[PDB]
Every structure is written in C-alpha cells, then in structure tokens.
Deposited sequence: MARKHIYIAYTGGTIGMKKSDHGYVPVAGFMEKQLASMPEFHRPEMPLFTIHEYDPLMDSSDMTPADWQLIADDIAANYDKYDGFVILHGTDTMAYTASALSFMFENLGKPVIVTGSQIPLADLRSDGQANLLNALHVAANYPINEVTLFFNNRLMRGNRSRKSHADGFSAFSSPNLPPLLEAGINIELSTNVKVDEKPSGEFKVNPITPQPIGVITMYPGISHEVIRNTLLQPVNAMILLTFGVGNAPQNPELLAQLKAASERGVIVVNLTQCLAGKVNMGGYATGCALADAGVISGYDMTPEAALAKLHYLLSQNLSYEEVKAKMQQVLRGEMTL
C-alpha cells in the first residue's frame, strides 16, 4: 500500500545538535520519533550529504550535486524531500525547478529555524508534513514547504530573518495550506503527468550583475557593473518598471545588449509585476534591448539565467526564453 520518500539531508539547522553544531549522522538517529513510523506515513530512506552544505556557502556546483543525487534516486522512490538551511533555500528551490525537465514526482525543499532535536522545534511539523504531502498530495513540481504552506519553489522568498523567519510566495498564492486540514488550492492538480521524460539540465555559475536603481544612479556605476565577464544583468527598477530617463545610462544598457549582455528588468517592490512595452512605462528600456522579467522573484530570475546561459543557446534564444513561462515562475 505505502509510498517511499527519499530525504536528501544536505545541511541546515534542522539537523544540528545544540551547544549549536552540525554532528555526523545525528539526524538519522533522531528520526526514531515514532510519529515518523506510522503505517499512515510513508517509508523514508535518508541520506546525509558528505560534506554537509552550509547554506550561505553554496554555489551552483552544489545545486548540480543535489540535482544529480535526485537524478540517481529518481526511479527508486515516489517522492523527495530536500533538507536545507533557510538562508538560500529559495535560491535552491528556484534553481532546481528549471534544471528538472518533465519532473513527474514531487520534490519538496524544507528545513527549520530550530533544530529538530530542541523542544518545540518547527522542524517537526515541517518534516512530518513535507513527508505526508509528498506521499498523499504529490505535486510534481519543485516546491518549498514552510510556515504551514507549500509554496511554488520559484515563487518563494525569505520574508523575515527574525525570531520568526518565514518565506512567502508574494506573486502566487501557496499551492497548498497545511492547516488542521490540508487544502489544495484551485490552480493545483495532484500528480500531473508530464509530457516527456525526466532529465536533469546541468548548471554552471554565471557572472550576473544585479543592480538596484536609486535616484541619481550614475551611468559610471552601471558601466562598471557591465564590464566583462558579466554576461547578464538584472535591473531592479521602480514600481511597474520605471528606470530614470538619463540618456547615458540608457546608452550604457543599449551597448551592453549589443555586446550580447542580457538585461532583465524586475521591480524592487516585494509584490508587483513589471509592465514594459507601452502605456504604463513607455519604451526607453525596451528600445535599449532590456527585457521584462514580469513578476519574477530575483531568485527565479537568477536561477533562470543560470539555467539558460548554462545551455549552449544563442543570445536571442536566451532572450526569448527568459520571456516565456517555463516552470510557473511568472505570468504574462
């Protein structure tokens, strides 16, 4: 009858022992909490990564590793839970969403503020529900579980870093709420069969410039950010996508695009969509070769350039692809 879920423990506070360190093989020993072993729950095999990943020290090499680990255990399990530290969890859910082509089993990224071995750990409900959702409400996407909500991976962001840290999906509601009862949202289908075959697209680190507009921002600052080896650039603009109108800035952008640098425009407001292309913001930035990133998070936007540039596609394809919806990262 039962399902069997694979737990990749890559790192994060969830598995540490207090007095506050990472400790070899402890997470597997803890998981003698009987609630993990009811017949209602699924079977789990756990793999502690070696070396264990510290979340702020991660790189796309680490993404590749996680990807590959999932690719190797793809056929052997019904679903997957990736334990991971909070700091760059959103970045990892995001990168994985695009690396996985035709994902047809659930992959759930989770973790905790408070190690699983302290009393009142948020890791308990987190792991328990991640396992349960993977088993009884499979959504074949990379998702991110936290705060009693399952959020689409490439839609999530760390909201707070506080006594109460949290993640939100500011431009898409959560796919599912883990309350007293589990409520699938409306736009969600359980166990969507994908078209073709599952494959892991590789990913190598990419020189991306990220740059926040601010009043009077100098074209020399922008210029500098666009020097080799930068192959892409995310502009964080005002409101529904307004940059300042100084000529020499727009010229620095235009020239960048003509050397083959992609320039994406995301808004700097938490919730919000860039509206380029006519009435809302005029044509200055489209004329300079800038493309709209829609309501994309910076995490999504970053992962998605890493994904496309890590292929061997022409400038114009990467460009075109940035602008189609590949894994629910954005609408329009």
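*Numbering from 1, run down the deposited sequence and write out every stretch that has no C-alpha in the structure.*
Model skips 1, 21 to 24 of the deposited chain.
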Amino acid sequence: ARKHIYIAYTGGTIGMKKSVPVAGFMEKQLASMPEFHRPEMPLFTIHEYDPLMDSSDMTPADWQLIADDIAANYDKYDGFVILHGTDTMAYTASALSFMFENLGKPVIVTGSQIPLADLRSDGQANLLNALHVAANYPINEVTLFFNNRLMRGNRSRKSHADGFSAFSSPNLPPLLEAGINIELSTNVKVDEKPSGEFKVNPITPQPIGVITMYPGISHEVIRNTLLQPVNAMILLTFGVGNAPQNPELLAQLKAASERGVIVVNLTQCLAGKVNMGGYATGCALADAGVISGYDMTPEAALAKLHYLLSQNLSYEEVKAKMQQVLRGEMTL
From here on, numbers count along this sequence of modelled residues.
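*For the higher mean C-alpha B factor in the entry, choose 174 to 182 or 249 to 257.*
It is 174 to 182.
*Output the stretch having the higher mean C-alpha B factor in the entry; the candidates are 290 to 298 and 264 to 272.*
The entry gives the higher C-alpha B-factor average to 264 to 272.
*Which one, 80, 91, 146, 164, has the peak C-alpha temperature factor per the PDB entry?*
It is 164.
*Specify which of 61, 284, 303, 43 carries the largest Cα B factor in the deposited PDB entry.*
When the deposited C-alpha B-factors of 61, 284, 303, 43 are compared, 43 is largest.
*Is the Cα B-factor recorded for residue 198 in the lowest, middle or highest third of its chain?*
Its C-alpha B-factor, which the entry lists for residue 198, ranks in the highest third among residues of this chain.
*Within-chain third of residue 117 by Cα B-factor, per the entry*: Its C-alpha B-factor, which the entry lists for residue 117, ranks in the highest third among residues of this chain.
*Considering only modelled residues of the same chain, in which third does the CA B-factor of residue 223 rank: lowest, middle or highest?*
Middle third by C-alpha B-factor.
_Ranked C-alpha temperature factor of residue 70 among modelled chain residues, by third_ = Ranked within chain, residue 70 CA B lands in the middle tercile.
*Just say lowest, middle or highest third for the CA B-factor of residue 312 relative to the other modelled residues in its chain.*
Its C-alpha B-factor belongs to the highest third of this chain's values.
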